[PDB]
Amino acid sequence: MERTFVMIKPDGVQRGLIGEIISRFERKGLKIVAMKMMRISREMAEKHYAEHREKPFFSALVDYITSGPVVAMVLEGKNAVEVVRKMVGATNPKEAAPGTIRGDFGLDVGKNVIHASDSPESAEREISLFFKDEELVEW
């Protein structure tokens, strides 16, 4: 079944939003089939955000993303990738609608609480980057 990748970023964790975010996914009827708290290495950060590497905000981005623990997770359901990205809302929380996670919880565009894969191909890449294969459980 369709799967997507989510990460609750260091601001989300630091501000005590792990449970609220997870509850929104659960209530939506999505299955968590992998999850863990981790500390992302600078290498893994640069690899993950490779696309932004020539941007003037790149090191600030990697300092933020590596500045404390995150929660990484894999979520399974009908239309998972698309549905979780509507749930999460526009990248810039100032433009994200109320009812979305970024709309209800974010203010800055950089520290925007959470990440969700933007496409099925990004989900495969993102899952493989953050999880060993055995960290995936089935239920």
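In case it trips you up, residue 1 is the first one in the sequence shown, and so on.
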| Between 9-17 and 120-128 (mean CA B-factor, as deposited), the higher | 120-128
| request: Check the entry's C-alpha temperature factors for 86-94 and 37-45, then say which stretch has the higher mean. | output: 37-45
| note | Of the three thirds of Cα B-factor ranks in this chain, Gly103 occupies the lowest
| query | Would the CA B-factor of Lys28 place it in the lowest, middle or highest third of its chain? | reply | lowest
| query | So where's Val62 on the chain's Cα temperature factor ranking, which third? | reply | middle
| field | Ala80, C-alpha B-factor rank within chain (lowest, middle or highest third) | value | middle
